[PDB]
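Shown below, as structure tokens, is a lone chain in the form deposited in one PDB entry; questions about how it binds or moves come after it.
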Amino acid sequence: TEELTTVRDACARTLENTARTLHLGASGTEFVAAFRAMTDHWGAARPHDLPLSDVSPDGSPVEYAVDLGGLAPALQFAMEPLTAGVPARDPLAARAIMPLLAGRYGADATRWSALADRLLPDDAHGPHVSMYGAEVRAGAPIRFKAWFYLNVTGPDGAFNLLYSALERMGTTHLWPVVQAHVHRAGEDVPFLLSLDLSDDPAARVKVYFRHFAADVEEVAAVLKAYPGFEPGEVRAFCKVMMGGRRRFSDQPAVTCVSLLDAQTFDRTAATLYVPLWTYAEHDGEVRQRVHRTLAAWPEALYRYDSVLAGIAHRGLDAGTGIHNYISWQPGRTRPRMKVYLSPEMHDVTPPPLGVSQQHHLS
């Protein structure tokens, strides 16, 4: 494919179209401007110019996410701070995003600053060190997010590194929350840590886990103890989204826990994320699964189809890679589900883990 357009412009256009589809109005316009502000550092880069990203498994450095739950529409992007020809693990771009967001949007850097020296060092092991993102609803302020990688000190250092992060934030007393989330030693592993970049009392610290070689019953067992994660509903949702498969045989299931919600019996602390690009022949089949889980709620189905139509740019049956994930939490009028979609700037049908991770592992 001959690339004629910067990554930033191509994704900004798609984001603007999606915001209009979701009726986000002026908040949507500001949201697109925030996307451009966060990606200005990519410069004139076309897709071939940036290092392959971990944001979307095909290597694209953006992921769109749309909340299909019962509340008003919300739109999100995640992106990777990157510079053409500079390894993605280099920390300079990620270090520059935080002061940009603090100065231009008033995003809060307090927890970020406690973590940055440890999680954005000059010598990170893994192929990636950061993602940042933003989410907006009509009429509401944009909320900004940062994600850090727990393989910065090697693939087997994630627990020690995560504990050090909790030390720096003064939250080591929540360590048993992390530990109890591991039901199969060596196969349930923490891999990401995120911050809401806000001083609001609801600002979260989240730990994300991979469940390798897990059956659906084992994923349900992980989630059962969090309020609302009824095993029969969790197992059924997994089986719907995996086309009847009972095992996460290559791509791991993902869950997370919001640490400051685990001891408050208020907002449920947990989320399930089902990866969608390795357990289907193509995105047309994935769409059938999304429709099946949404069939009771036509409003959510129409929102989903409308957003998908503006993001897909080839026939859904050509392969996988447009759908990255769908999440699940219990909700009020229906489960809260968010769908994660790739701009697919690289190859159809990404491998398990992602092109960049596969290259790193060799």
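Quick note: we count residues from 1 along the sequence shown, nothing fancier. Only the largest set of C-alpha atoms that superpose within 1.5 Å between the two forms is called the rigid core.
Heads up, the form deposited in another entry isn't pictured, but that's what we're talking about next.
In a core superposition between this form and the one not shown, the Cα of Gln263 is the only one among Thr110, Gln263, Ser249, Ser164 shifting by 2 Å or more. Here's the thing about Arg267 and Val234: their CA atoms end up at least 3 Å closer in that other deposited form than they are in this form. Distance between the C-alpha atoms of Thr264 and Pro335: shorter by at least 3 Å in that other deposited form than in the displayed form.
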